[PDB]
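Asks: Below you'll find my_file_30.pdb; it's PDB, C-alpha atoms (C1' of nucleotides).
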```pdb
ATOM      1  CA  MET A   1      29.469   0.757  12.342  1.00  0.00           C
ATOM      2  CA  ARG A   2      31.722   2.760  14.651  1.00  0.00           C
ATOM      3  CA  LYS A   3      35.055   1.441  13.339  1.00  0.00           C
ATOM      4  CA  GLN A   4      35.018   3.864  10.397  1.00  0.00           C
ATOM      5  CA  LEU A   5      34.659   6.782  12.809  1.00  0.00           C
ATOM      6  CA  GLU A   6      37.394   5.136  14.894  1.00  0.00           C
ATOM      7  CA  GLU A   7      39.887   6.010  12.161  1.00  0.00           C
ATOM      8  CA  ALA A   8      38.221   8.912  10.333  1.00  0.00           C
ATOM      9  CA  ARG A   9      38.639  11.428  13.182  1.00  0.00           C
ATOM     10  CA  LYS A  10      42.423  11.394  12.665  1.00  0.00           C
ATOM     11  CA  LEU A  11      42.628  12.189   8.936  1.00  0.00           C
ATOM     12  CA  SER A  12      42.400  15.975   8.915  1.00  0.00           C
ATOM     13  CA  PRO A  13      43.690  17.893   5.845  1.00  0.00           C
ATOM     14  CA  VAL A  14      43.032  16.624   2.307  1.00  0.00           C
ATOM     15  CA  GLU A  15      43.134  12.827   2.194  1.00  0.00           C
ATOM     16  CA  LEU A  16      39.534  12.426   3.320  1.00  0.00           C
ATOM     17  CA  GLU A  17      38.377  13.756  -0.060  1.00  0.00           C
ATOM     18  CA  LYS A  18      40.198  11.135  -2.104  1.00  0.00           C
ATOM     19  CA  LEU A  19      39.170   8.469   0.390  1.00  0.00           C
ATOM     20  CA  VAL A  20      35.504   9.138  -0.468  1.00  0.00           C
ATOM     21  CA  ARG A  21      36.113   9.489  -4.235  1.00  0.00           C
ATOM     22  CA  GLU A  22      36.874   5.758  -4.350  1.00  0.00           C
ATOM     23  CA  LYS A  23      33.934   5.001  -2.085  1.00  0.00           C
ATOM     24  CA  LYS A  24      31.729   6.666  -4.695  1.00  0.00           C
ATOM     25  CA  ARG A  25      33.500   4.452  -7.254  1.00  0.00           C
ATOM     26  CA  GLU A  26      32.577   1.389  -5.204  1.00  0.00           C
ATOM     27  CA  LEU A  27      28.867   2.098  -5.695  1.00  0.00           C
ATOM     28  CA  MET A  28      29.187   3.039  -9.386  1.00  0.00           C
ATOM     29  CA  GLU A  29      29.652  -0.603 -10.387  1.00  0.00           C
ATOM     30  CA  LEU A  30      26.836  -1.675  -8.055  1.00  0.00           C
ATOM     31  CA  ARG A  31      24.537   0.781  -9.783  1.00  0.00           C
ATOM     32  CA  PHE A  32      25.658  -0.472 -13.202  1.00  0.00           C
ATOM     33  CA  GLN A  33      25.436  -4.149 -12.266  1.00  0.00           C
ATOM     34  CA  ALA A  34      22.038  -3.968 -10.572  1.00  0.00           C
ATOM     35  CA  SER A  35      20.659  -5.080 -13.973  1.00  0.00           C
ATOM     36  CA  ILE A  36      22.662  -8.302 -14.519  1.00  0.00           C
ATOM     37  CA  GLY A  37      24.037  -9.735 -11.262  1.00  0.00           C
ATOM     38  CA  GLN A  38      21.298  -7.955  -9.391  1.00  0.00           C
ATOM     39  CA  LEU A  39      20.571 -10.392  -6.549  1.00  0.00           C
ATOM     40  CA  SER A  40      23.243 -10.881  -3.881  1.00  0.00           C
ATOM     41  CA  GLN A  41      23.198  -7.171  -3.043  1.00  0.00           C
ATOM     42  CA  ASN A  42      20.428  -5.019  -1.439  1.00  0.00           C
ATOM     43  CA  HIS A  43      22.956  -4.734   1.310  1.00  0.00           C
ATOM     44  CA  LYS A  44      25.290  -2.787  -0.794  1.00  0.00           C
ATOM     45  CA  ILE A  45      23.523   0.177  -2.337  1.00  0.00           C
ATOM     46  CA  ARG A  46      22.020   1.352   0.929  1.00  0.00           C
ATOM     47  CA  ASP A  47      25.022   0.609   3.167  1.00  0.00           C
ATOM     48  CA  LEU A  48      27.354   2.752   1.077  1.00  0.00           C
ATOM     49  CA  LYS A  49      25.009   5.738   0.967  1.00  0.00           C
ATOM     50  CA  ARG A  50      25.196   5.824   4.765  1.00  0.00           C
ATOM     51  CA  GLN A  51      28.951   5.294   4.986  1.00  0.00           C
ATOM     52  CA  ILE A  52      29.502   8.217   2.621  1.00  0.00           C
ATOM     53  CA  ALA A  53      27.377  10.565   4.742  1.00  0.00           C
ATOM     54  CA  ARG A  54      29.162   9.549   7.914  1.00  0.00           C
ATOM     55  CA  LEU A  55      32.440  10.443   6.178  1.00  0.00           C
ATOM     56  CA  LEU A  56      31.127  13.797   4.943  1.00  0.00           C
ATOM     57  CA  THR A  57      29.859  14.918   8.341  1.00  0.00           C
ATOM     58  CA  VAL A  58      33.379  14.803   9.794  1.00  0.00           C
ATOM     59  CA  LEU A  59      34.816  16.561   6.715  1.00  0.00           C
ATOM     60  CA  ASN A  60      32.818  19.670   7.597  1.00  0.00           C
ATOM     61  CA  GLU A  61      33.343  19.289  11.352  1.00  0.00           C
ATOM     62  CA  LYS A  62      37.099  19.424  10.721  1.00  0.00           C
ATOM     63  CA  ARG A  63      36.640  22.657   8.781  1.00  0.00           C
ATOM     64  CA  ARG A  64      34.300  24.338  11.240  1.00  0.00           C
ATOM     65  CA  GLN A  65      37.121  23.859  13.683  1.00  0.00           C
ATOM     66  CA  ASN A  66      38.473  26.731  11.549  1.00  0.00           C
ATOM     67  CA  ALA A  67      35.264  28.486  10.451  1.00  0.00           C
TER      68      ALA A  67
ATOM     69  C1'   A B   1     -87.398 -30.635 -30.289  1.00  0.00           C
ATOM     70  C1'   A B   2     -87.875 -25.138 -27.529  1.00  0.00           C
ATOM     71  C1'   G B   3     -84.477 -26.116 -22.779  1.00  0.00           C
ATOM     72  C1'   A B   4     -81.788 -22.200 -15.563  1.00  0.00           C
ATOM     73  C1'   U B   5     -79.413 -23.910 -21.856  1.00  0.00           C
ATOM     74  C1'   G B   6     -73.237 -25.169 -19.802  1.00  0.00           C
ATOM     75  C1'   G B   7     -68.192 -27.511 -18.792  1.00  0.00           C
ATOM     76  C1'   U B   8     -63.516 -23.467 -22.523  1.00  0.00           C
ATOM     77  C1'   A B   9     -59.252 -18.140 -21.301  1.00  0.00           C
ATOM     78  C1'   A B  10     -54.843 -14.811 -27.443  1.00  0.00           C
ATOM     79  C1'   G B  11     -55.812 -12.119 -22.368  1.00  0.00           C
ATOM     80  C1'   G B  12     -57.657  -9.122 -17.285  1.00  0.00           C
ATOM     81  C1'   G B  13     -58.717  -9.067 -11.908  1.00  0.00           C
ATOM     82  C1'   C B  14     -58.535 -10.208  -6.193  1.00  0.00           C
ATOM     83  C1'   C B  15     -56.036 -13.175  -2.306  1.00  0.00           C
ATOM     84  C1'   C B  16     -52.096 -16.647  -0.520  1.00  0.00           C
ATOM     85  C1'   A B  17     -46.973 -18.597  -0.879  1.00  0.00           C
ATOM     86  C1'   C B  18     -41.535 -18.415  -3.104  1.00  0.00           C
ATOM     87  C1'   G B  19     -37.302 -15.482  -5.597  1.00  0.00           C
ATOM     88  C1'   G B  20     -34.827 -10.811  -8.035  1.00  0.00           C
ATOM     89  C1'   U B  21     -34.080  -5.154  -8.286  1.00  0.00           C
ATOM     90  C1'   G B  22     -33.528  -1.318  -4.563  1.00  0.00           C
ATOM     91  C1'   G B  23     -31.662   0.952  -0.191  1.00  0.00           C
ATOM     92  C1'   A B  24     -34.912   3.171   4.201  1.00  0.00           C
ATOM     93  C1'   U B  25     -35.124   1.537   9.984  1.00  0.00           C
ATOM     94  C1'   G B  26     -32.064  -0.745  14.433  1.00  0.00           C
ATOM     95  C1'   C B  27     -26.959  -1.170  16.834  1.00  0.00           C
ATOM     96  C1'   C B  28     -22.184   0.987  16.191  1.00  0.00           C
ATOM     97  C1'   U B  29     -17.721   4.674  15.323  1.00  0.00           C
ATOM     98  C1'   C B  30     -10.316   6.150  14.881  1.00  0.00           C
ATOM     99  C1'   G B  31     -14.970  12.482  12.480  1.00  0.00           C
ATOM    100  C1'   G B  32     -17.365  17.111  14.112  1.00  0.00           C
ATOM    101  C1'   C B  33     -19.929  21.226  17.685  1.00  0.00           C
ATOM    102  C1'   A B  34     -20.348  24.698  21.928  1.00  0.00           C
ATOM    103  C1'   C B  35     -18.452  26.279  26.479  1.00  0.00           C
ATOM    104  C1'   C B  36     -13.602  26.448  30.043  1.00  0.00           C
ATOM    105  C1'   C B  37      -8.414  26.464  31.265  1.00  0.00           C
ATOM    106  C1'   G B  38      -2.254  25.934  29.844  1.00  0.00           C
ATOM    107  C1'   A B  39      -0.495  29.120  26.243  1.00  0.00           C
ATOM    108  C1'   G B  40       0.078  33.075  22.509  1.00  0.00           C
ATOM    109  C1'   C B  41       3.890  36.189  17.049  1.00  0.00           C
ATOM    110  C1'   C B  42       7.585  34.122  12.934  1.00  0.00           C
ATOM    111  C1'   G B  43      10.904  37.072   9.028  1.00  0.00           C
ATOM    112  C1'   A B  44      16.688  39.322   4.747  1.00  0.00           C
ATOM    113  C1'   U B  45      21.486  33.854   9.884  1.00  0.00           C
ATOM    114  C1'   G B  46      16.000  34.650   4.199  1.00  0.00           C
ATOM    115  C1'   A B  47       9.615  33.594   6.229  1.00  0.00           C
ATOM    116  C1'   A B  48       4.072  31.774   5.351  1.00  0.00           C
ATOM    117  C1'   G B  49       3.235  28.896   1.164  1.00  0.00           C
ATOM    118  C1'   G B  50       4.828  25.916  -3.346  1.00  0.00           C
ATOM    119  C1'   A B  51       7.524  23.290  -8.200  1.00  0.00           C
ATOM    120  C1'   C B  52      10.815  19.218  -9.001  1.00  0.00           C
ATOM    121  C1'   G B  53      13.303  15.117  -7.258  1.00  0.00           C
ATOM    122  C1'   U B  54      14.389  10.614  -3.160  1.00  0.00           C
ATOM    123  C1'   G B  55      13.026   3.591  -1.540  1.00  0.00           C
ATOM    124  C1'   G B  56      16.537  -2.972  -5.178  1.00  0.00           C
ATOM    125  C1'   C B  57      11.900  -3.079  -8.234  1.00  0.00           C
ATOM    126  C1'   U B  58       7.166   1.703  -7.830  1.00  0.00           C
ATOM    127  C1'   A B  59       1.484   4.444  -9.548  1.00  0.00           C
ATOM    128  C1'   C B  60      -0.540   7.836  -5.036  1.00  0.00           C
ATOM    129  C1'   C B  61      -0.319  10.173   0.358  1.00  0.00           C
ATOM    130  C1'   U B  62       3.217  10.867   4.364  1.00  0.00           C
ATOM    131  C1'   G B  63       8.574  11.992   5.962  1.00  0.00           C
ATOM    132  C1'   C B  64      13.188  14.201   4.021  1.00  0.00           C
ATOM    133  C1'   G B  65      16.411  17.588   0.010  1.00  0.00           C
ATOM    134  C1'   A B  66      22.539  15.994  -4.337  1.00  0.00           C
ATOM    135  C1'   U B  67      24.571  13.620   2.886  1.00  0.00           C
ATOM    136  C1'   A B  68      17.436  13.335  -0.076  1.00  0.00           C
ATOM    137  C1'   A B  69      11.854   5.719   3.297  1.00  0.00           C
ATOM    138  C1'   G B  70      18.300  10.137   6.120  1.00  0.00           C
ATOM    139  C1'   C B  71      23.875  11.825   9.259  1.00  0.00           C
ATOM    140  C1'   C B  72      26.452  13.397  14.352  1.00  0.00           C
ATOM    141  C1'   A B  73      26.244  14.253  20.073  1.00  0.00           C
ATOM    142  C1'   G B  74      22.958  14.073  25.249  1.00  0.00           C
ATOM    143  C1'   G B  75      18.871  11.750  27.965  1.00  0.00           C
ATOM    144  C1'   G B  76      14.801   8.118  28.333  1.00  0.00           C
ATOM    145  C1'   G B  77      13.349   3.005  27.122  1.00  0.00           C
ATOM    146  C1'   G B  78      14.072  -2.485  27.000  1.00  0.00           C
ATOM    147  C1'   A B  79      13.136  -5.657  23.169  1.00  0.00           C
ATOM    148  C1'   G B  80      12.175  -7.222  18.454  1.00  0.00           C
ATOM    149  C1'   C B  81      12.351  -4.259  13.650  1.00  0.00           C
ATOM    150  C1'   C B  82      13.771  -2.216   7.631  1.00  0.00           C
ATOM    151  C1'   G B  83       6.464   4.316   7.042  1.00  0.00           C
TER     152        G B  83
END
```
Could the structure of this file be written out as structure tokens, please?

Replies:
Amino acid sequence: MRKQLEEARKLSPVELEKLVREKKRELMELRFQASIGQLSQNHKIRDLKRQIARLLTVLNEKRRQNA
RNA sequence: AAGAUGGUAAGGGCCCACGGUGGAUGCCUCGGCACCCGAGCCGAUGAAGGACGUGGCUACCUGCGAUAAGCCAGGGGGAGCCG
């Protein structure tokens, strides 16, 4: 959804790395707990893999502004 | 008493019906063939062609490559979709 790109265009220098470290953390427990809880997701593994890629496109756009 | 002496089928044949095994003929085709026209090179910014991985659960083809049944901009389209 566009509201993540609403705010992600602002954050230029270094904080966008540690803001996607924790969003990898947020799928680590989903990938662990897809063998016990295992049901109320199937949103959650495939939504996060898209909202990491749409935060790592802008991270290289805002470095090809330099190179 | 001297009779053409004859009616039986472990089994065999010919013909007529009724079923099994087999896959020819008829009718089709998302696949080919031969002539015509539009067109006619990619590559160390690393090619043609491949190995291995990627779906919540996956064996095999297709699509993609650690962002991996995908991401960001521009146009078309107008309604149901997650090969």

Asks: Taking all atoms listed in the file into account, which of A:30, A:6, A:23, A:37 comes nearest residue 51 of chain A?

Replies: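 Checking each candidate against residue 51 of chain A, we get A:23 as the closest.
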
Asks: Tell me, as a PyMOL selection string, which residues lie within 10 Å of residue 4 of chain A, counting only C-alpha atoms (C1' of nucleotides); anything in the same chain fewer than 2 positions away does not count.

Replies: chain A and resi 1-2+6-9+51+54-55

Asks: Near segment 60-72 of chain B, counting all atoms listed in the file, which residues have an atom at most 8 Å away, once you skip same-chain residues fewer than 3 positions from it, shown as a PDB file with C-alpha atoms (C1' of nucleotides), keeping the file's coordinate frame?

Replies:
```pdb
ATOM      1  CA  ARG A  50      25.196   5.824   4.765  1.00  0.00           C
ATOM      2  CA  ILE A  52      29.502   8.217   2.621  1.00  0.00           C
ATOM      3  CA  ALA A  53      27.377  10.565   4.742  1.00  0.00           C
ATOM      4  CA  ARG A  54      29.162   9.549   7.914  1.00  0.00           C
ATOM      5  CA  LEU A  56      31.127  13.797   4.943  1.00  0.00           C
ATOM      6  CA  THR A  57      29.859  14.918   8.341  1.00  0.00           C
TER       7      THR A  57
ATOM      8  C1'   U B  54      14.389  10.614  -3.160  1.00  0.00           C
ATOM      9  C1'   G B  55      13.026   3.591  -1.540  1.00  0.00           C
ATOM     10  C1'   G B  83       6.464   4.316   7.042  1.00  0.00           C
TER      11        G B  83
END
```

Asks: At what distance in Å, to one decimal, does atom CA of residue 45 of chain A lie from atom CA of residue 28 of chain A?

Replies: 9.5 Å

Asks: Kindly give the distance, in Å, that separates atom CA of residue 32 of chain A and atom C1' of residue 56 of chain B, rounded to a single decimal.

Replies: 12.4 Å

Asks: Neighbours of residue 42 of chain A within 12 Å (all atoms listed in the file; same-chain residues fewer than 6 positions away dropped), as a ChimeraX atom specification?

Replies: /A:27,30-31,33-34,48-49 /B:55-57,82

Asks: Smallest atom-to-atom distance to chain B: which of A:10, A:18, A:24, A:43, using only C-alpha atoms (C1' of nucleotides)?

Replies: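 Distance minimum relative to chain B lands on A:43.
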
Asks: Rounded to one decimal place, report the atom CA of residue 15 of chain A-atom CA of residue 58 of chain A distance in Å.

Replies: 12.5 Å

Asks: So which one's closest to chain B, A:41, A:47, A:20, A:60? Using only C-alpha atoms (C1' of nucleotides), please.

Replies: A:41

Asks: Is it possible to dump chain B as a PDB file, in the first residue's frame, including just C-alpha atoms (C1' of nucleotides)?

Replies:
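Output contents, as saved in decode.pdb:
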```pdb
ATOM      1  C1'   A B   1     -34.503-118.120 -36.304  1.00  0.00           C
ATOM      2  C1'   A B   2     -31.061-115.746 -40.840  1.00  0.00           C
ATOM      3  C1'   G B   3     -33.254-110.247 -40.975  1.00  0.00           C
ATOM      4  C1'   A B   4     -32.450-102.835 -45.339  1.00  0.00           C
ATOM      5  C1'   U B   5     -30.615-105.618 -39.252  1.00  0.00           C
ATOM      6  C1'   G B   6     -31.237 -99.968 -35.842  1.00  0.00           C
ATOM      7  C1'   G B   7     -32.589 -96.007 -32.041  1.00  0.00           C
ATOM      8  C1'   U B   8     -26.379 -94.500 -28.679  1.00  0.00           C
ATOM      9  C1'   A B   9     -21.343 -89.758 -29.126  1.00  0.00           C
ATOM     10  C1'   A B  10     -14.745 -90.178 -24.172  1.00  0.00           C
ATOM     11  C1'   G B  11     -14.873 -87.043 -29.081  1.00  0.00           C
ATOM     12  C1'   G B  12     -14.937 -84.489 -34.711  1.00  0.00           C
ATOM     13  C1'   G B  13     -17.508 -81.630 -38.617  1.00  0.00           C
ATOM     14  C1'   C B  14     -20.991 -77.834 -41.348  1.00  0.00           C
ATOM     15  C1'   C B  15     -24.730 -73.878 -40.622  1.00  0.00           C
ATOM     16  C1'   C B  16     -27.654 -70.373 -37.472  1.00  0.00           C
ATOM     17  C1'   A B  17     -28.042 -67.215 -32.994  1.00  0.00           C
ATOM     18  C1'   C B  18     -25.681 -64.749 -28.208  1.00  0.00           C
ATOM     19  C1'   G B  19     -21.084 -62.905 -25.345  1.00  0.00           C
ATOM     20  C1'   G B  20     -15.395 -62.022 -24.482  1.00  0.00           C
ATOM     21  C1'   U B  21     -10.206 -60.762 -26.509  1.00  0.00           C
ATOM     22  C1'   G B  22      -8.402 -57.257 -30.162  1.00  0.00           C
ATOM     23  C1'   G B  23      -7.951 -52.611 -32.603  1.00  0.00           C
ATOM     24  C1'   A B  24      -8.698 -51.660 -38.376  1.00  0.00           C
ATOM     25  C1'   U B  25     -12.726 -48.180 -41.172  1.00  0.00           C
ATOM     26  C1'   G B  26     -15.994 -43.333 -40.735  1.00  0.00           C
ATOM     27  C1'   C B  27     -16.285 -38.093 -38.623  1.00  0.00           C
ATOM     28  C1'   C B  28     -13.060 -34.733 -36.138  1.00  0.00           C
ATOM     29  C1'   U B  29      -8.476 -31.510 -34.444  1.00  0.00           C
ATOM     30  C1'   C B  30      -5.342 -26.221 -30.039  1.00  0.00           C
ATOM     31  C1'   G B  31       0.177 -30.208 -34.638  1.00  0.00           C
ATOM     32  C1'   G B  32       2.937 -30.115 -39.350  1.00  0.00           C
ATOM     33  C1'   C B  33       4.352 -28.921 -45.081  1.00  0.00           C
ATOM     34  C1'   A B  34       5.393 -25.826 -49.505  1.00  0.00           C
ATOM     35  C1'   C B  35       5.173 -21.147 -51.708  1.00  0.00           C
ATOM     36  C1'   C B  36       4.825 -15.215 -50.732  1.00  0.00           C
ATOM     37  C1'   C B  37       5.458 -10.639 -48.074  1.00  0.00           C
ATOM     38  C1'   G B  38       7.006  -7.222 -42.957  1.00  0.00           C
ATOM     39  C1'   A B  39      11.760  -7.872 -41.174  1.00  0.00           C
ATOM     40  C1'   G B  40      16.976  -9.348 -40.449  1.00  0.00           C
ATOM     41  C1'   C B  41      22.951  -9.774 -36.188  1.00  0.00           C
ATOM     42  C1'   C B  42      23.808 -10.194 -30.361  1.00  0.00           C
ATOM     43  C1'   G B  43      28.841  -9.957 -27.266  1.00  0.00           C
ATOM     44  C1'   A B  44      33.985  -8.300 -22.010  1.00  0.00           C
ATOM     45  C1'   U B  45      28.036  -2.233 -19.345  1.00  0.00           C
ATOM     46  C1'   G B  46      30.019  -9.899 -19.934  1.00  0.00           C
ATOM     47  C1'   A B  47      26.774 -13.318 -24.812  1.00  0.00           C
ATOM     48  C1'   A B  48      24.344 -18.202 -27.056  1.00  0.00           C
ATOM     49  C1'   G B  49      23.513 -22.075 -23.765  1.00  0.00           C
ATOM     50  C1'   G B  50      23.281 -24.425 -18.648  1.00  0.00           C
ATOM     51  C1'   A B  51      23.755 -26.151 -12.773  1.00  0.00           C
ATOM     52  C1'   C B  52      21.311 -24.948  -8.230  1.00  0.00           C
ATOM     53  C1'   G B  53      17.535 -22.620  -5.707  1.00  0.00           C
ATOM     54  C1'   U B  54      12.053 -19.785  -5.305  1.00  0.00           C
ATOM     55  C1'   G B  55       4.934 -20.783  -3.849  1.00  0.00           C
ATOM     56  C1'   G B  56       1.634 -21.721   3.692  1.00  0.00           C
ATOM     57  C1'   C B  57       1.857 -27.146   2.524  1.00  0.00           C
ATOM     58  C1'   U B  58       4.771 -29.548  -3.060  1.00  0.00           C
ATOM     59  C1'   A B  59       6.641 -34.383  -7.045  1.00  0.00           C
ATOM     60  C1'   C B  60       7.134 -32.280 -12.639  1.00  0.00           C
ATOM     61  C1'   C B  61       6.822 -28.126 -16.792  1.00  0.00           C
ATOM     62  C1'   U B  62       6.440 -22.766 -17.184  1.00  0.00           C
ATOM     63  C1'   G B  63       7.906 -17.640 -15.161  1.00  0.00           C
ATOM     64  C1'   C B  64      11.717 -15.262 -12.036  1.00  0.00           C
ATOM     65  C1'   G B  65      17.155 -15.097  -9.148  1.00  0.00           C
ATOM     66  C1'   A B  66      19.069 -13.838  -1.816  1.00  0.00           C
ATOM     67  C1'   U B  67      14.261  -7.884  -3.652  1.00  0.00           C
ATOM     68  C1'   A B  68      13.730 -15.081  -6.424  1.00  0.00           C
ATOM     69  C1'   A B  69       4.376 -18.044  -8.484  1.00  0.00           C
ATOM     70  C1'   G B  70       8.402 -10.791  -8.026  1.00  0.00           C
ATOM     71  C1'   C B  71       9.723  -4.383  -7.039  1.00  0.00           C
ATOM     72  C1'   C B  72       9.407   1.154  -9.115  1.00  0.00           C
ATOM     73  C1'   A B  73       7.569   4.984 -13.045  1.00  0.00           C
ATOM     74  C1'   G B  74       4.385   6.061 -18.175  1.00  0.00           C
ATOM     75  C1'   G B  75       0.250   4.567 -21.362  1.00  0.00           C
ATOM     76  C1'   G B  76      -3.976   1.300 -22.529  1.00  0.00           C
ATOM     77  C1'   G B  77      -8.203  -1.366 -20.352  1.00  0.00           C
ATOM     78  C1'   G B  78     -12.753  -1.787 -17.222  1.00  0.00           C
ATOM     79  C1'   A B  79     -14.018  -5.538 -14.069  1.00  0.00           C
ATOM     80  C1'   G B  80     -13.504  -9.649 -11.165  1.00  0.00           C
ATOM     81  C1'   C B  81      -8.762 -12.288  -9.597  1.00  0.00           C
ATOM     82  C1'   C B  82      -4.005 -14.988  -6.064  1.00  0.00           C
ATOM     83  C1'   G B  83       0.292 -19.645 -13.565  1.00  0.00           C
TER      84        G B  83
END
```
